[PDB]
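Visitor: Residue numbers (this note's numbering), protein chains in the order written: chain Y, 1 to 387; chain A, 388 to 775; chain X, 776 to 1174; chain E, 1175 to 1573.
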Amino acid sequence: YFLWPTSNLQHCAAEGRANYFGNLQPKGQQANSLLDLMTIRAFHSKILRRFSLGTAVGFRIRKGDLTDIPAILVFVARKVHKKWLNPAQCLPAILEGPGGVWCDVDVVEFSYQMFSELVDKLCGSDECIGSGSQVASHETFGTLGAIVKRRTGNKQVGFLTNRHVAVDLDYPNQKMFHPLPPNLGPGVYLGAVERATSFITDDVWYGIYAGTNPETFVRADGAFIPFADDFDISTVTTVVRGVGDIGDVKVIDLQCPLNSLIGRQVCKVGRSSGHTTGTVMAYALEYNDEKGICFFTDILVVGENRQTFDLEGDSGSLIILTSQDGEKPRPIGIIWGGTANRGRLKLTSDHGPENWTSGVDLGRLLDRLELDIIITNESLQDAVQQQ
Amino acid sequence: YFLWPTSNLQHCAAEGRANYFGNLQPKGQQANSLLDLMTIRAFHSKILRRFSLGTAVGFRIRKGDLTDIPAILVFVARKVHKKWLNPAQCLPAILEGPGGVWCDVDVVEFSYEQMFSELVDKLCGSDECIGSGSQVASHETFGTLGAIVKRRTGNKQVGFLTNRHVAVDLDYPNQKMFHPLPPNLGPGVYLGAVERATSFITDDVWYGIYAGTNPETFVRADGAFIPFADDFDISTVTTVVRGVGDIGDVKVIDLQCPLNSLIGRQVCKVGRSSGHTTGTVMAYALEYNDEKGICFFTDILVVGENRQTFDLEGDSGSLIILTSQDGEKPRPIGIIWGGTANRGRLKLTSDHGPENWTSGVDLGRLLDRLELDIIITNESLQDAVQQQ
Amino acid sequence: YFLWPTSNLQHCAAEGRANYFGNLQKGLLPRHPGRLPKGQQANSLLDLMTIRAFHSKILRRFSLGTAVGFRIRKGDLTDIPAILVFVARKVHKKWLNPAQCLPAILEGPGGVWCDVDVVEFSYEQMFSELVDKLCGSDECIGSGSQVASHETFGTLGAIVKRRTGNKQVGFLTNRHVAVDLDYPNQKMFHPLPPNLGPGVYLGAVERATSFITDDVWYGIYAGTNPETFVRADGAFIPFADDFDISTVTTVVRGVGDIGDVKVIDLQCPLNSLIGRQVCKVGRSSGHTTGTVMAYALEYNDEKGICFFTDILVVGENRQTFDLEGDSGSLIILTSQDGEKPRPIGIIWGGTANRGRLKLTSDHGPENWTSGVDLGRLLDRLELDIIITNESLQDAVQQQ
Amino acid sequence: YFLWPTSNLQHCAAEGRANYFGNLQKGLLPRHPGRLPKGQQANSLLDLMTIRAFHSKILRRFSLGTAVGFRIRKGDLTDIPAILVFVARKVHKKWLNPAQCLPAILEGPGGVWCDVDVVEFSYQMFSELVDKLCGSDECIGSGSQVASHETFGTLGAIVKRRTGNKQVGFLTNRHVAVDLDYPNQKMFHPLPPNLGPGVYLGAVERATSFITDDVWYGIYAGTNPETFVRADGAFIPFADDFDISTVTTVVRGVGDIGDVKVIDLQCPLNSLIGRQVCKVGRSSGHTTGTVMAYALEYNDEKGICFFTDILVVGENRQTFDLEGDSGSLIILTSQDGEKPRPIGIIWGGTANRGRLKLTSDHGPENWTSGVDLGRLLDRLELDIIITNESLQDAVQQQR
Ligand SMILES: Nc1ncnc2c1ncn2[C@@H]1O[C@H](COP(=O)(O)OP(=O)(O)OP(=O)(O)O)[C@@H](O)[C@H]1O
Ligand SMILES: Nc1ncnc2c1ncn2[C@@H]1O[C@H](COP(=O)(O)OP(=O)(O)OP(=O)(O)O)[C@@H](O)[C@H]1O
Ligand SMILES: Nc1ncnc2c1ncn2[C@@H]1O[C@H](COP(=O)(O)OP(=O)(O)OP(=O)(O)O)[C@@H](O)[C@H]1O
Ligand SMILES: Nc1ncnc2c1ncn2[C@@H]1O[C@H](COP(=O)(O)OP(=O)(O)OP(=O)(O)O)[C@@H](O)[C@H]1O
Ligand SMILES: [Mg+2]
Ligand SMILES: [Mg+2]
Ligand SMILES: [Mg+2]
Ligand SMILES: [Mg+2]
C-alpha cells in the first residue's frame, strides 16, 4: 500500500519549475562552489543534453590530469577531433549562466574476486559484525554500510545499506542475514528492512532546480534495518576494520570551496574487494538516459594506480575520506551499485578505460531517513538502552 | 520512503498467531461456510502440507463434477490408486476441526497467443470508448482495464483499476499508462499515472482469521489504481462491460454465507487477450506450496468451461463477473491476478486432458484496502466527474 | 566387472566369417544368362539374408541401410520377396549416374534370387481411460503399466520367470528404460520413483543384454563386416521378495489373454511374419495397431560397426504406432482365426529407434518403430512368458 | 549377459551390516566428560574409518561429506589423526546454532577417539615432455595419450592378466576407455582414425564401475546399506597384431618404478597421509603433490552413498591435474633410497575434481581424486610389470 503524488507533479510544480527558468532569461568572478556549477549546467540543460551521454560538475581534466579549473564535465561515447564533427555537435569551451558567473566545458570519453585475510573476516571469518561485513537477502549479497540509530519512534538501533541489496520484489518481507541466508549456508538473522528510499525529487534532495526537466529524481537508494528483537547487539563494532576509528558525517556543502570535495582522496572497505583507495572526480551526474525521466547520482569515484575502486558485491560500503591532518576519517557517502552493466571512463591514451563507481550523499541520505551514525562503541551502548 | 512493521511481525503478532493455534489444541454438524473450511484446514495445515502440492477450500470433486459436499481440496502432482501408497501418504476422507465441525477431503491432480474477433479488436483501440476490457499499456507491459472506480478518502478523483506488475516497475519513478499503445511503440492517448498499489497483505487483515500456522503468511493482492490524467477526456469512458452489458455493484465474498452461493457459480470475464470467456469457480483460498519459507494465498480459482482455457497472458486485470442466474445485473466478485508465468493445470477427467486454471483477487476486499468504489453507470460516473 | 570376448573377435572366428564367404565366389559363378529361372526364388527370410549378406559391399555402397521382406510398390505391401534398400531421398532414374542405380534383381549363392526395391528413409501424449489405468490409476500391475527408473519412464513387457538358479518370477522391459550409467543400482517403481512422486517398489535389474553378434543371434553371417552386432537391448527385473505379487496380472488389457511366444523361424514362409498385423499396449500411447514391413534392418555407422534390428512396424491408418516412452511394450500378433494372440517382439528404444519413411505421395512421412525378437531374447535371458493368472501362482511358488 | 545380486544386497547383508552396528551397543552408560587415555587415540586409517562410520548420523547434519586423514590447521597439514568434515562455507563459531557447531573430539566404539577438522570444500600444458606423451615420442609407456573414438585419456601402467591366457595390456580408468553407444571399445595412440593418425592399441576386455564397501575395504565403512566405491577402471590387452616391442615401463620424467605399494588399513597413518606424490599425464605433464585425505564420503539424491579412496592436492600452489589426465599413474616420490612405487590411478572427471580453501592469502585450490591401485589390481586380477625385460617374458608366455 504505497503512495506516489496525486496531482502535484503536473502543472503546479511542472510550470512552477518552468517559472524559475522562464524568469531569468568575460573576466567575471569565476565559479567557486558546487552550487554555482550546478546552476550553470541547469540553465543550459537543453543544449547540453542535445548531444551528450551525461554531464557532471567538478574540475576540468586536461591531458589526463585533474586541473584546478572549475568546469562542467560533458560525457560522450567517442571523443574525436574537431575536424570530424558537424557544427551542431561541437561544444563551446566556456558557458555563462545566470548572473554572469561562468565555467569551463571539457569532454570526457565515457561509457556505462579478491582473497585476503580481511576479505575473509568480512565474510564470516571474524567474530564481530561491522562496516564491511557481508549482508545477504535470499537473492543477493551486499555490504553493511554503517551503524545508525532512529531519531523518531522507538529509537531502535540498526545499520544502513543501499537499496537493491536488501530488497527484492517477489518476496513480501526483506530479511537480512550475515554472512549467508539460511537457504544457502550458516548465518545469523540481523533483522528486516523497516523503511527505505528509492527516489527523491531534486528540490528536496539538493535544494535547487538542478535541471529544467519537470521529471527529475535522485538515485538515493538506501535502506535501514533495525536489529532484531532477539539479536545480540553486543557483537556489533563501530571500528571500520583496516581504517580505524572514524568521525561523524561531513555533509556535502554546495557552498564550500570546490577542491574540498573534488580531488579529495577516499577509501572504502568492502565485502568483495577489501580496502581500496580512489579519488572523487565529479558530482551530480545527470541522466542522459532517454525515458523522458532525469536521474541524478551524487558521487563519482575512480580508483588510484589504475586499480578498480570496487567490484560487484561492494554495493553498500562506506565511502570514507582519508585523514589529511591526522584527524579521524569522516564518511561522506555510501557506494551505490546498479545496474550491473558496468561502466568505464577514459583518462590516458597509454592505458585503457578505467572503472568509475557511483555513490550516494551520506549527509543527505541520513537526513531524509532521520538517522544518526554511531562512531564509537561507548556511544553505541547508549542507544541500546534507549530502545 | 516506505514503512514496514518495526517489531510487529516477530514475537508480538507471532505469539498472537501461536496462541490462536496453541489455544485450540462427523455425525451431523458439517461445515457450512468458507469460514468453517478455512479453520479446519488451518488447524490441520501441518499434517496437510506434509504431502501435498497445495490446498484450497470448496466442494468435493467426484468423477469430474462438483458435488454438494463441503470439502478441503488437496492438490497432488499425480493421483494414483490407494494400493500404491503407504499409510503415511494416504489422506483421510474426513477431517474434524475445532469445535466438532467436520468436512470431507478429496484429492485433485494439480500442477503449476491471442484470439481474433470483433470484440477483441474493439478492446485494442478499434472502439471509440475506453472501458472495462480495454487494453492498457505502460512502456513495458500490456494489461486490461478492470473497472472504473473512484477514491473515497482524500480527494474524489475518478480513475480505473488494474492489477499490479502491469502498472508497477522498480526502475521507473512514475508509471504512465496509455491506450492502446505506449508512445514508443505506436499511437495512443495518455491515461494517467499510478497513484497507489498493493502487493502483499497479511491473511489476518485480509480474511480476518489466521488461515495458516506459518508465521509468514501473505495474500497475493497485486492491484493498482490509476487516476485519469488532467488532459484526458473522461467523456470517452464507459461503464458498460462490453459483451456482458450493464453490471451491478461488487458482491462481497462473505466467509460466513452459505457455500453454494459462490462455489460452483458460473463466471465470465472480458479481457484484452481472450475476449469474453466463461468459467466456473472451483475453490477458494489456495495456499502456497511455493518453498520460499513464505506462505502465499490466492482467493479465487477459476477453470474455463467446455475444456477451453479461461485466460491467456495479457488478460491480467480483467473483471471476474458472476453470471446472472435470476435476471439481475451481473455482479463482479474478483479481478484476474497477474503472473501467468509457470503455466499450471488441473486434471479433472481421464478421457480428456488437463485444463488451465486461472487465479483471481477478491474484488470486495481489494476495493477497501485501496479505498475505491466501483462506478456502474454513466450517470453515476458524471457524479464523480463533478465531485472531483 | 564386465566381460567382452577373449581374442575371438579378431582373426580366427573373425576370418571364420571371411572363409564362409571366401568359400563362395571362389566356387560360385552364373552361367552366362541373366533371365534367371523361377524355381530358385527366395522363399524364406533366411534366403533373403544370404543374398543381402553376400552382396553387402555394393548394397552399403550408396545406401542408408538395408532390410529383407516384401517389395513395397506405390504404397502397398506386395507378396513379392525383395531386399529393401533405404536411401536418403528417392529420385527418378534419369538423375542417377550409372554407378548409383540399383539392379532390380540380385543373384545370391546357389542361383537363388530375389527382387530389390528402393524406399526413401530417415532416422506429445495421449489421454484415455486406459492410459491412466496404465500409469498407476489401476489396482493391478500388468503388461503396459508404467515402470520408471530414477531418470526415464518405460513399459512393462511381460511377466516372465527365470529358468536356472532360484527360478524367481519378474518382469521384462528393454535396457534403455531400466539402465543408467551413473547409478550403481537400478531401482524400478510404479508409476513414479520416490524422487518424482508416489510409487511401489518393484525390484532391481538383475540381468540384461545390450549387444549380440549376428551369428549367436540369428545363426548365420548376415554381413561381411567382422564387427557385426544386434541391438538386443532388454532387461529382466525379478519382483522383490517383499512385493505383493497378488496385484500382478498377465492379462494384456485391451488385447486379453495371450498365447505362448511364436518364435521367428528364418526358414518358414515369408508371409507368416511379413505383412502380418500386430498391436501393442503401451504406457505412453495405449493400444495401437500396425503392420510388419521388414526384418533384420541393417545400418552401418562411421566407425565401421554393423548394427541389426529385427522387427520393423508402421502404424495403421497413418496413425503413429508408438511414442517416446512406449519402449518395452509387447508386440502381439492379432488373432486371425479365433486362436490365442501370440507375442513376437518388444518395442526397442534408442537413437535409431523412431525414424520416418515415405510410403505414398498423397500422404506425409510415417513413423516406423523398432523391435527385438521376443523368442530369441527369452533364450539369451533364460525366461518363459506367463499367460494366465493360474499359470502365475504355479511359477510364484517354485522360488 | 549382465549380472547383479539377487537377494544378498537386500536383507541378507543389509541385516549383516545392521548387525555390525548392534554388536556395538556401547553400554547405554557414557564415558567421563573429562580426560581420555592417549593409548586410545587413532593410530591407523582403519581406526579412523570406524569412528567416522559410527557417528554418520550426526555427521550428515549440515555437512556435504567427510574424509579421514590429518588435521589441517591454518593452512598446513599436521600429523594429528582427525576426521575431515567438508562444509560449503566455513564461518566463525559465533554464527552457528548449537546443532551446527562440530565437536573438537569424537569418541567411537571401544574408547578409540580422534580430532574433527573443518575444510572449506566444493565439487592444457605445453612442454617438451607433453609433446612426447601425445605422439611425438617413439615409444609407448606410462603417460602416453590413449583415445577412443570419442574421448582422450592417459595410459596408467603396463599390466598383465593373472588368470586365463595371461595377456599383456595396459590399465586406464573406465570413463576414458568405455562408452555406451559403441558395442566395442577400441583404443588408439595418439588419435582415433576419425580424427588423425594413430596405431590401434586394442580393445577393453574387462572393466569395473562400482564396488561395495565390504568387498573393497574389508569392513562396513558406513551405516548406509547401499554404499559403493567409485572404482572406475578398465583393462585393455594389446591387439593381436600389435608390436609390443615399442612398449616401455620407464615412467618418463620419473624413471624406473618399483612394485605396487598396497594401502594397508592397519599400518601407521603417516606412511600414506601427507606423503609426497607425483605423476606424468597427457594433459599436464609431470606434476607433484601431497596426499591430503582418504575414504572420501558422499551421499547424493537417493539413499545411495559413494566413496573415493585417494584425495590429492598439488604442491607449491600448482594444480595437480587437468582434464585428460584421467588414468595417469600417481606415484609417491622415491622411497627413501629405493625406487618410487605407485599406489593409485587418477580417476578424473564429472564430479571428482573440485576445489578446497586452504589459506586466506590464496584463492581456492584444485584437488584430484584417485582410486587405490592395490585394490583395483585385485578386482581386475592384474599384475603390474616394472621392467622391459620382465615384460618380454610374459609376452610369449601369453596363451
Ligand atoms: N560533442 C562532442 N563529441 C565528441 N567529441 C567532442 C565533442 N565536443 C568536443 N569534442 C572534442 O573534445 C575536445 C575538447 O577536449 P577538452 O575540453 O577535454 O580538452 P582539455 O581538457 O584541454 O584536454 P584533454 O582532452 O587532453 O584532456 C575537442 O577538441 C573535440 O575534439
Ligand atoms: N497423496 C496422494 N497422492 C496421490 N493419490 C492419492 C493420495 N492420497 C490419496 N490418493 C488417491 O485418491 C483417491 C481418493 O480420491 P478422492 O478423495 O478425490 O475421491 P472422490 O472425490 O470420492 O472421487 P474421484 O476420484 O472421482 O475424485 C484414493 O483412493 C487414492 O487412490
Ligand atoms: N541409389 C539410389 N538413390 C536414389 N534413388 C534411387 C537409387 N537407385 C534407384 N533409385 C530410384 O528408385 C527407383 C526404384 O523404385 P522401386 O524399386 O521402389 O519401384 P517400385 O516398387 O516398382 O515402385 P514405387 O517407386 O512406386 O515404390 C528407381 O526407378 C530410381 O528412380
Ligand atoms: N557446520 C559448520 N559449518 C561451517 N563452519 C563450521 C561448522 N562447524 C564448525 N565450523 C567452524 O569451524 C571451526 C573449526 O575450525 P578447524 O577445526 O579447522 O580449526 P583449526 O584446524 O584449529 O584451525 P583453522 O580453522 O585455522 O584451520 C569452528 O571454530 C567454526 O568456526
Ligand atoms: Mg579535457
Ligand atoms: Mg475427488
Ligand atoms: Mg518399391
Ligand atoms: Mg583447521
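Think of the CB as a built atom: it goes at the ideal place given N, C-alpha and C, for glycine as much as any other residue.
1. Using only the alpha-carbon positions, how far apart do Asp36 (chain Y) and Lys1267 (chain E) sit?
2. Just how far apart, CA to CA, sit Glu882 (chain X) and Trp888 (chain X)?
3. Checking 7 Å against the spacing of the C-beta atoms, do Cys1441 (chain E) and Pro1364 (chain E) come in under that value?
4. Is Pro1283 (chain E) helix, strand or coil when you go by DSSP?
5. Identify each residue in the region 364-383 of chain Y for which the Cβ-Cβ distance to at least one residue of chain A is less than 8 Å, and report them in chain order.
6. Select from the region 1525-1544 of chain E all residues with a C-beta closer than 8 Å to any C-beta belonging to chain Y, and list them in chain order.
7. At least one CB of chain Y closer than 7 Å to the CB of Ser394 (chain A): is that the case?
8. Tell me the rounded alpha-carbon separation between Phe547 (chain A) and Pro560 (chain A).
9. Would you kindly report the start and end of the unbroken alpha helix (DSSP H) that includes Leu362 (chain Y)?
10. Using the beta-carbon of each residue, which ones in chain A are nearer than 9 Å to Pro226 (chain Y)?
11. What residues in its chain sit with their C-beta under 6 Å from that of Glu1555 (chain E), if we drop five residues either side in the sequence?
12. Taking the alpha carbon of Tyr1394 (chain E) as the point to measure from, which residue in E:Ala1278, E:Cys1479, E:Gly1488, E:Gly1249 has its own alpha carbon closest?
13. Beta-carbon within less than 8 Å of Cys915 (chain X)'s beta-carbon, same chain only, minus the 5 sequence neighbours each way: which residues are those?
14. Is there at least one non-hydrogen atom of ligand 2 closer than 6 Å to the beta-carbon of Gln476 (chain A)?
15. Check the DSSP bridge columns for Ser705 (chain A) and list the partner residues they point to.
16. Return the CA-CA distance between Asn949 (chain X) and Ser1102 (chain X), expressed in angstroms with no decimal places.
17. Going along chain E in order, which residues have a C-beta closer than 8 Å to the C-beta of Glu117 (chain Y)?
18. Within 10 angstroms of its Cβ, does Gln1341 (chain E) collect 16 or more other Cβ (buried), or is it exposed?
19. Measure the alpha-carbon distance for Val1333 (chain E) versus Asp1169 (chain X) and round it to whole angstroms.
20. Quick one: is the Cβ of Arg437 (chain A) within less than 6 Å of any heavy atom of ligand 2?
21. Report the partner residues of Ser746 (chain A) according to the DSSP bridge assignment.
22. Does the distance from the CB of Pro719 (chain A) to the CB of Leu754 (chain A) come in under 7 Å?
23. If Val1454 (chain E) sits next to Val1428 (chain E), beta carbons under 8 Å apart, how far is it from one beta carbon to the other, in whole angstroms?
24. DSSP on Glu790 (chain X), reduced to helix/strand/coil?
25. Quick one: give me the first and last residue of the beta strand (DSSP E) that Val1434 (chain E) is part of.
26. Would you give the residue range spanned by the beta strand (DSSP E) that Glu286 (chain Y) belongs to?
27. Scan the region 181-250 of chain Y and note each continuous alpha helix (DSSP H) run of 4 residues or more that stays entirely inside, going in chain order.
28. For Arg583 (chain A), would you say it is in contact with chain Y, using Cβ-to-Cβ distances shorter than 7 Å as the test?
29. Given a cut-off of 7 Å on the beta-carbon distance, is the pair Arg1549 (chain E) and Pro1538 (chain E) in contact?
30. Could one say the Cβ of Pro570 (chain A) lies closer than 7 Å to chain Y's Cβ atoms, at least one of them?
31. Beta-carbon within less than 7 Å of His1138 (chain X)'s beta-carbon, same chain only, minus the 5 sequence neighbours each way: which residues are those?
32. Can you tell which of Y:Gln10, Y:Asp120, Y:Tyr1, Y:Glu215 has the C-alpha that lies nearest to the C-alpha of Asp617 (chain A)?
33. Can you list, in chain order, the residues of its chain with a C-beta nearer than 8 Å to that of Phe928 (chain X)? Leave out the 5 residues immediately preceding and following it.
34. Mapping DSSP to helix, strand and coil, what is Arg330 (chain Y)?
35. Cβ of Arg1263 (chain E) within 7 Å of Cβ of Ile1254 (chain E)?
Guide: Reading off the structure:
1. Counting from 1 along the first sequence, the entry for residue 36 (chain Y) is found at position 36. Counting from 1 along the fourth sequence, the entry for residue 1267 (chain E) is found at position 93. Distance between the alpha carbons of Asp36 (chain Y) and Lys1267 (chain E) is about 54 Å.
2. Position 107 of the third sequence, counted from the first residue, corresponds to residue 882 (chain X). Position 113 of the third sequence, counted from the first residue, corresponds to residue 888 (chain X). Computed Cα separation, rounded: 4 Å.
3. The residue you call residue 1441 (chain E) lines up with position 267 of the fourth sequence. The residue you call residue 1364 (chain E) lines up with position 190 of the fourth sequence. Taking 7 Å as the Cβ cut-off, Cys1441 (chain E) and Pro1364 (chain E) do not qualify as a contacting pair.
4. Taking the fourth sequence and counting its residues from 1, one reaches residue 1283 (chain E) at position 109. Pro1283 (chain E) falls in the helix class under three-state DSSP.
5. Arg368, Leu369
6. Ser1534, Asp1535, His1536, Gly1537
7. Looking up residue 394 (chain A) in the second sequence gives position 7. Yes - at least one Cβ of chain Y is within 7 Å of the one on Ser394 (chain A).
8. Position 160 of the second sequence, counted from the first residue, corresponds to residue 547 (chain A). Position 173 of the second sequence, counted from the first residue, corresponds to residue 560 (chain A). Cα to Cα, the separation comes out at about 20 Å.
9. The count along the first sequence starts at 1 and reaches residue 362 (chain Y) at position 362. That run of the alpha helix (DSSP H) goes 362-368.
10. On the first sequence, position 226 is the one that residue 226 (chain Y) refers to. Neighbours of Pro226 (chain Y) on chain A, chain order: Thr393, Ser394.
11. Position 381 of the fourth sequence holds residue 1555 (chain E). Cβ neighbours of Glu1555 (chain E) beyond the five flanking positions: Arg1336, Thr1337.
12. Here residue 1394 (chain E) refers to the residue found at position 220 when the fourth sequence is read from its first residue. Cα-wise, what sits closest to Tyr1394 (chain E) is E:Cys1479.
13. Taking the third sequence and counting its residues from 1, the one referred to as residue 915 (chain X) is at position 140. Excluding sequence neighbours, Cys915 (chain X) sits near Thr1022, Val1023, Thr1024.
14. Counted from its first residue, the second sequence places residue 476 (chain A) at position 89. Indeed, a heavy atom of ligand 2 lies less than 6 Å from the Cβ.
15. Mapped onto the second sequence, residue 705 (chain A) falls at position 318. DSSP output for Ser705 (chain A) lists no bridge partner at all.
16. One-based indexing of the third sequence puts residue 949 (chain X) at position 174. One-based indexing of the third sequence puts residue 1102 (chain X) at position 327. Distance between the alpha carbons of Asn949 (chain X) and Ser1102 (chain X) is about 7 Å.
17. For this step, residue 117 (chain Y) is matched to residue 117 along the first sequence. Within 8 Å Cβ-Cβ: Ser1534, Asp1535.
18. As a first step, residue 1341 (chain E) is located in the fourth sequence; it is residue number 167 there, counting from the start. Buried.
19. On the fourth sequence, position 159 is the one that residue 1333 (chain E) refers to. On the third sequence, position 394 is the one that residue 1169 (chain X) refers to. Their Cα atoms are separated by approximately 51 Å.
20. Here residue 437 (chain A) is taken as the residue at index 50 of the second sequence, counted from 1. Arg437 (chain A) Cβ: outside cutoff for every heavy atom of ligand 2.
21. Walking along the second sequence from the start, residue 746 (chain A) turns up at place 359. Answer is A:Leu688, bridged to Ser746 (chain A).
22. Position 332 of the second sequence, counting from 1, holds the residue named residue 719 (chain A). Position 367 of the second sequence, counting from 1, holds the residue named residue 754 (chain A). No, the pair does not count as a contact, with Cβ atoms beyond the cut-off.
23. Indexing the fourth sequence from 1 puts residue 1454 (chain E) at position 280. Indexing the fourth sequence from 1 puts residue 1428 (chain E) at position 254. So it is a contact: roughly 6 Å between Cβ atoms.
24. Translated into positions along the third sequence, residue 790 (chain X) becomes position 15. In the structure shown, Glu790 (chain X) sits in a helix (DSSP, three-state: H, G or I).
25. If you number the fourth sequence from 1, residue 1434 (chain E) lands on position 260. Looking at the DSSP string, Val1434 (chain E) is not in any beta strand (DSSP E), and its letter there is neither H nor E.
26. In the first sequence, residue 286 (chain Y) corresponds to position 286, counting from 1. Start and end: 274-286.
27. 202-205
28. On the second sequence, position 196 is the one that residue 583 (chain A) refers to. So, interface residue.
29. The residue you call residue 1549 (chain E) lines up with position 375 of the fourth sequence. The residue you call residue 1538 (chain E) lines up with position 364 of the fourth sequence. No, the Cβ-Cβ distance between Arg1549 (chain E) and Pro1538 (chain E) is not below 7 Å.
30. By 1-based counting over the second sequence, the position of residue 570 (chain A) is 183. Not an interface residue.
31. On the third sequence, position 363 is the one that residue 1138 (chain X) refers to. Same-chain partners within the cutoff: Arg1093.
32. Counting from 1 along the second sequence, the entry for residue 617 (chain A) is found at position 230. Among Y:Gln10, Y:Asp120, Y:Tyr1, Y:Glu215, the Cα nearest to that of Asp617 (chain A) belongs to Y:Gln10.
33. For this step, residue 928 (chain X) is matched to residue 153 along the third sequence. Within the same chain, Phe928 (chain X) has close Cβ partners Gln921, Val922, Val952, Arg1058, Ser1059, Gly1100.
34. Residue 330 (chain Y) sits at position 330 when you count from the first residue of the first sequence. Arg330 (chain Y): coil per DSSP, three-state reduction.
35. To locate residue 1263 (chain E), count along the fourth sequence from 1; it is residue 89. To locate residue 1254 (chain E), count along the fourth sequence from 1; it is residue 80. Their beta carbons are not under 7 Å apart, which means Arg1263 (chain E) does not touch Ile1254 (chain E) by this criterion.
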